[PDB]
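Now for the letters of each chain:
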Amino acid sequence: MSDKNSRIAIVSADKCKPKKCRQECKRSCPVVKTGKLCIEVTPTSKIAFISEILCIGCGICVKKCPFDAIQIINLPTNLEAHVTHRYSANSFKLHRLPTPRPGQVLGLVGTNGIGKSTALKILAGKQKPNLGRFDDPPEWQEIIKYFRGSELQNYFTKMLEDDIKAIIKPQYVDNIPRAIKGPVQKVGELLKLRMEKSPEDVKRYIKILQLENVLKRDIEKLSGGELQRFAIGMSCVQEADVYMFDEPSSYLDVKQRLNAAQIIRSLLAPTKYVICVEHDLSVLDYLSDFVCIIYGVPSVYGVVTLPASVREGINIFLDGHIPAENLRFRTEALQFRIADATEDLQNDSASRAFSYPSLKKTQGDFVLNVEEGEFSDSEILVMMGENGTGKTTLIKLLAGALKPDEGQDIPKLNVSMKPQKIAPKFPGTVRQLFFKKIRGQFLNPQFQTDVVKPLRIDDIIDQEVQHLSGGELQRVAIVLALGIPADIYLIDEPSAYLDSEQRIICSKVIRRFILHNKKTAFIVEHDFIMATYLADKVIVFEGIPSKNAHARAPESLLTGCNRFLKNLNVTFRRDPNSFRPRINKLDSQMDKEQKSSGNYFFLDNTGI
Amino acid sequence: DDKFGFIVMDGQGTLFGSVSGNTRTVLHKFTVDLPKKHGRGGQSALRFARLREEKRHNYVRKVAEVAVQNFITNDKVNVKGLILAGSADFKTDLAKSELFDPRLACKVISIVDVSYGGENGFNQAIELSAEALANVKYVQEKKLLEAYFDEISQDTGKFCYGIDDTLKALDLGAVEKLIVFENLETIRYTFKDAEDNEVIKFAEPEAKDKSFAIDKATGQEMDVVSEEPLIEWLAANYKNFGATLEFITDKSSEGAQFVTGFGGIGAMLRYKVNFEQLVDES
Ligand SMILES: Nc1ncnc2c1ncn2[C@@H]1O[C@H](COP(=O)(O)OP(=O)(O)OP(=O)(O)O)[C@@H](O)[C@H]1O
Ligand SMILES: Nc1ncnc2c1ncn2[C@@H]1O[C@H](COP(=O)(O)OP(=O)(O)O)[C@@H](O)[C@H]1O
Ligand code: SF4
Ligand code: SF4
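### With respect to the overall build of chain B
Reasoning step 1: Check the secondary structure of chain B and you find nine helices and twelve strands.
Reasoning step 2: Seen through its principal axes, chain B has C-alpha atoms that stretch 105 × 40 × 35 Å.
Reasoning step 3: Across the 282 residues of chain B, 34% fall into the buried class.
Reasoning step 4: The long-range fraction of contacts in chain B, counting pairs at least 24 apart against all pairs at least 6 apart in sequence, stands at 67%.
Reasoning step 5: Carbon and sulfur atoms form 51% of the exposed surface of chain B, whose accessible area is close to 18,400 Å².
Reasoning step 6: Charged side chains in chain B number 35 positive and 46 negative. The centres of these two groups are separated by 15 Å.

Structure representation (structure tokens):
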């Protein structure tokens, strides 16, 4: 009959100060003018509350709000059907959950804030869903009822009985070091205690993960990649049926992430149920039998789809649209420059730019070797390889931060540098920090599109850096490097802590400015997609991690990608509809043919 | 009352008239002649025919000029639209010619066929035109309304709502256009004494409303002395406030928005304001 619609109000308390404009929401609102209930003022907490029943959907309150604290949306009653859990009034609410299946791996992919982490907790038995209502400390009985008609119903009965206790590898990567310590109780101690499997289990898992060096080090001491892998080890070592992984690719390098994926899949063989959440598509494809996609606006809502297949789910993800849901989850589709697309220019050749000679940097524990290479103007070079290879070391030497043991690089160039792991260590607020760097760049329209508008830094401006978040801080750092003028810019691993949309904003940023400005940039990365878009040449690193390493001169996109991918031995085809790289299995039918041709990738992409 | 005038033509004849509620009466009619020269004719396949489209162009401006010269006194059109009628092409040859007066082509509101003309075709032109009339009405109300309103409230606050707000700003002459409705639910009442009074705004549901009516100090429950409709009071004193008036009901898109929000009500400002005051504040 009539169209079915709803209104949902979510307000962010961080953004709201009702002293500032007085309580302007209660006034202003036409519902309240009549004497209705749409917005009620909470006198104890001093927060405005908007009731969804009485609200008109007018949106008058939204544009009145001096910050942008209130958000009213109108949905066709898509969310109402699905309600799983709600944090509180006017807060994040979760919709649907991912199915678990024995003997298989089920994937999850989505943008941050969707409730991927929350979903894991509910499945874990850590949190009890309220069901968008009263549902108390684990009143699991009601949860089963809500899930009826879904395959999770059987799972919730199992969980309540405590027949199975799921093992969880914790999500937040930044949080782990502070929580766990063990200089004495290093990594080795944890692996010994947890090993329910065999004494072989300790050895086998350590070898495949490339943990051998790290056992002696303590947990707090570990680097990001090392920290992640230890968690993985415990999740194999444990005896249980259900192994939940939440973002296992985080911090890891390209070689290691693939390794993690294979080992985790081994659980499926013992017929143990596995669940996993990933931001990386290469890794996600490899692990999963089934895939769920989580979509919706960040921090407002996030719904889980029906289970799908591995290929199908990935294909649908890339279009940016889901048909049943009928939502354009992403505003713009992702595309990579063909390399036909790029501008044709004559580049500074001859002494294009500066050149570096052979370089060596030796710690006495690790040795880096570099081959003389050349850099030209207005180009960009990708740096790839596994961590511990001295990818980080090389960039620092060029920065002038590090002194080479051998070789010399004294350029008369101004360098801007962006560090790999970002930890605050700066007193002051976010805005102040940006402003010292450059005020003018904050004015430009491009910076509005990429930084300011999406995150809402305006709210962030007063907040402290210590108080801040991981991914938010990352986009800020990348932009800041770009803040100041320099002949050459250096960035180290921009993809960390970022979801799909966030990385891709970065890809466009580096390529566009470098082209306009006619300056050079070196970017290190693990994400294959990012490298393709930005670069014109690449340097590949090889050797053995935590031991020795080597670097190469810059070489063309096609040439460099063949070398890199040859090292992994996994080829990528193309999906004809989505135009994504389709992981071709080794011994894929196609794998053999592609290797013969010497083509690891298709539809090679280059800088714009 | 609301006045519409129309011109129904053929070569047999032509006819002018109006309706205003039940009222209905023609004004004038005339004829010319002409068999149809595109047959018989001859070595003059244009000689005779060019007198005849000329005599149509004489006819149709003598029609439409008389409709202007007695529908309008005091610029443009005094009526607020125009209609054309006839057999197939005999009226397309009007609305796209050099010989229908400029500024009059800008005022057509429907174009109708009728199987026959005169007084039998006039009832047919009222009856099937009903649709056109409804369309025009909608375009005027809904649209224009729904449009202007939202399209450009008048950012920062160049607005008021409610009686309290919409009236002070109407008293201040800060309201370009006042937006009411017809079935207004607010009226001006007086609850007062031996040498003084209070004016409050009341609706239907009397809860706390009846409660107050007073202030506080003197302490006096209440007595209503008189009651004057706000809609009417406004409907009749709009010139005094300089605010410009539009009455409306409930029919159209964004129509439902007014009922839920701007409930027969709304003031649009000339310049930009400071919103109502009161006193209950400290
Ligand atoms: N304590 C809380 N109170 C209110 N809302 C919360 C709380 N914890 C989480 N949320 C809400 O649940 C949503 C978040 O988390 P989850 O942890 O479920 O995200 P994800 O789906 O794992 O996303 P990400 O990729 O960003 O880690 C958020 O958008 C947030 O609004
Ligand atoms: N000061 C140091 N002393 C000893 N070993 C070091 C030192 N700095 C780095 N290393 C080691 O060098 C190896 C490679 O380092 P790095 O260049 O940071 O690698 P990546 O390719 O991951 O960026 C790692 O095994 C690391 O532990
Ligand atoms: S949300 Fe905005 S308008 Fe409402 S109290 Fe806070 S600051 Fe004032
Ligand atoms: S969106 Fe509209 S209806 Fe909801 S709280 Fe704001 S003003 Fe009131």
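Moving on from the model shown.
### Notes on the overall build of chain A
Reasoning step 1: Within chain A, the regular secondary structure consists of 21 helices and 27 strands.
Reasoning step 2: At 26 Å, chain A has a C-alpha radius of gyration in line with the 25 Å of a compact globule built from 608 residues.
Reasoning step 3: Its C-alpha atoms put chain A at 75 × 60 × 50 Å along the principal axes.
Reasoning step 4: Per-residue burial for chain A yields a buried fraction of 49% across its 608 residues.
Reasoning step 5: Taking the intrachain contacts of chain A between residues at least 6 apart in sequence as the baseline, contacts between residues at least 24 apart amount to 70%.
Reasoning step 6: For chain A, the accessible area works out to roughly 29,900 Å², and carbon and sulfur atoms hold 53% of it.

### Some points on helix α12 (residues 310–319) of chain A
Residue and element names in this part refer to chain A.
Reasoning step 1: Residues of α12 that are buried: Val 310, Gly 313, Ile 314, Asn 315 and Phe 317.
Reasoning step 2: The inward-facing, buried residues of α12 contact β7 (105–109), α11 (281–287), β11 (290–295), β13 (308–309) and α18 (500–517).
Reasoning step 3: At the exit of α12 stands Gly 320, carrying a positive phi of roughly 90 degrees.

### Overview of the sheet that holds strand β9 (residues 197–202) of chain B
Residue and element names in this part refer to chain B.
Reasoning step 1: Ordered by their spatial adjacency, three strands build an open sheet running β9-β8-β10, and the pairing between neighbours is antiparallel. Each end of this open sheet is capped by a strand with a single partner; those strands are β9 and β10 (224–229). Across the sheet, the mean angle from the axis of one strand to that of its neighbour is 25 degrees, orientation sign disregarded.

### Examining the domain arrangement of chain B
Reasoning step 1: Segmenting chain B into domains produces domain 1 (4–128) and domain 2 (150–269).
Reasoning step 2: In this structure, domain 1 of chain B and domain 2 of chain B have C-alpha centres spaced 48 Å apart.

### What to know about the sheet that holds strand β27 (residues 555–556) of chain A
Residue and element names in this part refer to chain A.
Reasoning step 1: With mixed pairing, six strands are arranged side by side in an open sheet as β21-β22-β23-β20-β24-β27. Of all the strands in the sheet, just β21 (415–418) and β27 have a single pairing partner and so form its edges.
Reasoning step 2: In the sheet, β21 pairs with strand β22 (residues 488–492) via four bridges, with the strands oriented parallel. Within β22, the position partnered with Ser 416 by the bridge is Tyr 489.
Reasoning step 3: Taken strand by strand, helix α17 (residues 470–481) contacts β21 and β22, and its axis lies near 175 degrees from that of β21.

### Points about the site of ligand 2
Residue and element names in this part refer to chain A.
Reasoning step 1: In the vicinity of ligand 2 there are 13 residues, among which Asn 387, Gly 388, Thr 389, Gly 390 and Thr 392 approach most closely.
Reasoning step 2: Contact with the protein chains hides 68% of the accessible area of ligand 2, taken as 570 Å² for the molecule alone.
Reasoning step 3: The residue makeup of the shell around ligand 2, split by class, is one nonpolar, eight polar and four charged.

### A closer look at the interface of chain B and chain A
When the parts of a complex come together, some accessible area is lost, and that lost area is often taken as the interface size.
Reasoning step 1: Taken together, the contact between chain B and chain A spans five residues of the former and four residues of the latter.
Reasoning step 2: Across the chain B/chain A interface, buried area totals approximately 460 Å², and carbon plus sulfur atoms make up 60% of it.
Reasoning step 3: At the junction of chain B with chain A, the criterion picks out one salt bridge.
Reasoning step 4: The shortest N-O distance in the salt bridge between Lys 33 of chain A and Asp 165 of chain B comes to 3.8 Å.
Reasoning step 5: Our enumeration of links across chain B and chain A arrives at zero residue pairs in polar contact.
Reasoning step 6: Class assignment for the residues of the side of chain B that touches chain A results in one nonpolar, three polar and one charged.

### Side note on helix α3 (residues 116–124) of chain A
Residue and element names in this part refer to chain A.
Reasoning step 1: With seven of nine residues buried, α3 lies mostly within the body of the structure.
Reasoning step 2: By the burial criterion, the buried members of α3 are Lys 116, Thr 118, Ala 119, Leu 120, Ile 122, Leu 123 and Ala 124.
Reasoning step 3: One or two steps after α3, the chain reaches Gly 125, where phi turns positive at roughly 95 degrees.

### Thoughts on the pairing of β11 of chain A
Residues and elements named next belong to chain A.
Reasoning step 1: Judged by how many residues are buried, β11 sits mostly within the fold: five of six residues are covered.
Reasoning step 2: Alignment of β7 against β11, held across four bridges, turns out to be parallel. By the bridge assignment for β11, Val 109 is matched with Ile 293.
Reasoning step 3: Here two bridges tie β11 to β13, and the two strands are oriented antiparallel to one another. Residue pairing for β13: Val 291 is matched across the bridge by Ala 308.
Reasoning step 4: As defined by bridge partners, β11 adjoins strand β12 (residues 303–304) across two bridges and the pair is classed as antiparallel. Across the sheet, residue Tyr 295 finds its bridge partner in β12, namely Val 303.

### So, the packing of aromatic side chains
Reasoning step 1: Under the definition given, this model contains 24 aromatic pairs over all chains.
Reasoning step 2: Among the aromatic residues, ring-to-ring pairing joins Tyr 148, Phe 149, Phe 159, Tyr 161, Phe 181, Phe 258 and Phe 262 of chain B into one connected group.
Reasoning step 3: Looking at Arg 574 of chain A, its charged tip hangs above the ring of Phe 601 of chain A, at a distance of 3.9 Å from the centre.
Reasoning step 4: Against the face of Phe 48 of chain B rests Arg 47 of chain B, its NZ or CZ located 4.4 Å from the ring centre.

### Side note on a negative patch on the surface
Reasoning step 1: Together, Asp 14, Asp 458, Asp 462 and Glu 464 of chain A line one region of the surface with negative charge.
Reasoning step 2: Its location among the elements puts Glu 464 of chain A in the loop between α16 (445–460) and α17.

### A look at the pairing of β22 of chain A
All names here are of chain A.
Reasoning step 1: A large share of β22 lies buried, amounting to five of its five residues.
Reasoning step 2: In β22, alternate side chains face the same way, and those of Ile 488, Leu 490 and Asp 492 on one face and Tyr 489 and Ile 491 on the other are all buried.
Reasoning step 3: As paired elements, β22 and strand β23 (residues 520–524) share five bridges and run parallel to each other. When the bridges of β23 are listed, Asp 492 appears paired with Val 524.
Reasoning step 4: Viewed along the sheet, the connection from β22 through α18 into β23 turns out right-handed.

### Thoughts on the site of ligand 4
Residues and elements named next belong to chain A.
Reasoning step 1: Every residue near ligand 4 is listed here: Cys 29, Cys 38, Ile 50, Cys 55, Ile 56, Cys 58, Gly 59, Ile 60, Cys 61, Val 62 and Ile 72.
Reasoning step 2: It is helix α2 (residues 60–64) that contributes the most residues to the shell around ligand 4, three residues altogether.
Reasoning step 3: Considered class by class, the residues forming the shell around ligand 4 number ten nonpolar, one polar and no charged.

### Brief notes about the nonpolar core
Residues and elements named next belong to chain A.
Reasoning step 1: Judged by nonpolar contacts, the single largest core of 49 residues is most densely connected at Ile 380, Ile 457 and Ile 510.
Reasoning step 2: Ranked by residues supplied to this core, first place goes to α16 with six residues.
Reasoning step 3: Those residues in contact with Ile 380 that lie beyond four places of it in its chain are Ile 510, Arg 511, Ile 514, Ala 521, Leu 534, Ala 535, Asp 536 and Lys 537.
Reasoning step 4: Of all hydrophobic cores here, the second largest spans 42 residues; its members include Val 105, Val 214, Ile 232 and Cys 276.

Rules used in this analysis
- Residues numbered from 1 in each chain as written, not as in the entry; some residues may be left out.
- Chains lettered and ligands numbered in written order.
- Heavy atoms only, no water.
- Helix = DSSP H or I, 4+ residues; strand = E, 2+ residues; numbered from the N terminus.
- Buried < 20%, exposed > 50% of the residue type's maximum accessible area, 1.4 Å probe, protein only.
- Contact = heavy atoms within 4.5 Å.
- Areas by Shrake-Rupley, 256 points an atom, 1.4 Å probe, with all protein chains shown as cover.
- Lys, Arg positive; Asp, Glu negative; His and termini not counted.
- Charge placed at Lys NZ, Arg CZ, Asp CG, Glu CD.
- Rg over C-alpha atoms; globule rule 2.2 N^0.38 Å.
- Pairing = 2+ DSSP bridges.
- Axes fitted to C-alpha atoms, helices over the stretch in contact; angles between N-to-C directions.
- Domains from an automatic or database assignment.
- Near = heavy atom within 4 Å.
- Nonpolar A, V, L, I, M, F, W, Y, C, P; charged D, E, K, R; others polar.
- Buried area = accessible area lost by both parts, 1.4 Å probe.
- Salt bridge = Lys/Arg side-chain N within 4 Å of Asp/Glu carboxyl O.
- Polar contact = N/O pair within 3.5 Å; in protein donor to acceptor, adjacent residues only side chain to side chain.
- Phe/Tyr/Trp six-rings, centres within 6.5 Å; stacked < 30°, edge-to-face > 60°.
- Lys NZ or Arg CZ within 6 Å of the ring centre and 35° of its normal.
- Patch = residues over 30% accessible without salt bridge, like charges linked within 9 Å, V, L, I, M, F, W, Y side chains within 5 Å.
- Right-handed = clockwise from strand over helix to strand, strands pointing away.
- Core = buried A, V, L, I, M, F, W, Y, C linked by side-chain atoms within 4.5 Å.

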